[PDB]
């Protein structure tokens, strides 16, 4: 895959790819397997999400999942007989192979260093940058021949102490992304590299009201040393039911939002390939405003020439947004799907 001069994703053939995507969680958690396999058959659940119109999937994972003898949990083996005995690595192998056989694009995502919380930086007190890079190379090495695997989202949701272009090696996400980029492309040179934003930054940023991995402002001062034809920018953005930012409370709302989205990520759409790695919310099951907010975001995305991204999420059991499926793991939120098809232009 690559990025052409029109900021479009093209495949090996040279045809434009459109990512009608959604996030599928589980592999980055204590269970070390995609969620819902207590309620559903994994193959049938994939079949369903393609049928709704999705052709792309973002797969969070964690280091533990990639280890040889890590066992999965919460799997109902009555509904999932062909996973019995398999290690979580072998289940990941089998899931990526299934997406591939169905012709569904897969963006792998290094979500958490410890199968729990999301780290501020690319390293912790028990997970070094060396381990981080090695794990990226491991994944790239393993799946580099799986045609429909798109590439790698280097690290999920940088925030807190993370900075960009300050000259401080311990916190500069931009430089860490360059090193992650180099590692992945050395092994899988046809993979795309997805890079997320940070939050508040001491330089080249108007701060405040920023979501994790949501600020790309410092890119204007400090370009990424990542090949133009591989770099995919993938910030996150959420609405009122994730956090009540002050601007949500504004009387102007939601007319005030486009300037804020423009500032945080939007202004880069015209010169960089860009999509949202995560966006979503309860869509009226949670608030009056989240309906309005999601509608406005789609309207703004369409206007910036953006008709792709990865909705958050497939799974219901995401605190604070819900998903495409309801809590019965079978019923589909039709209004959420109508919103996405609007975004996709379908």
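Positions refer to the first chain, counted from 1.
- Across the two stretches, 99 to 107 and 245 to 253, the PDB entry reports the greater mean Cα temperature factor for 245 to 253.
- Of the two segments, 258 to 266 and 164 to 172, the one listed with the higher mean B-factor is 258 to 266 (C-alpha atoms only).
- Reading the B-factor column for the CA atoms of 309, 319, 60, 30 in the entry, the top value corresponds to 319.
- Out of 133, 226, 185, 86, it is 86 whose C-alpha atom has the highest B-factor in the PDB entry.
- Among the modelled residues of its chain, residue 158 has a C-alpha B-factor that falls in the lowest third, as given in the PDB entry.
- Remark: residue 18 belongs to the middle third of its chain, ranked by C-alpha B-factor as recorded.
- Split the chain's modelled residues into thirds by C-alpha temperature factor. Residue 143 is in the middle one.
- The deposited CA B-factor of residue 115 belongs to the highest third of values across its chain.
- Per-chain ranking of the deposited C-alpha B factor places residue 92 in the middle third.
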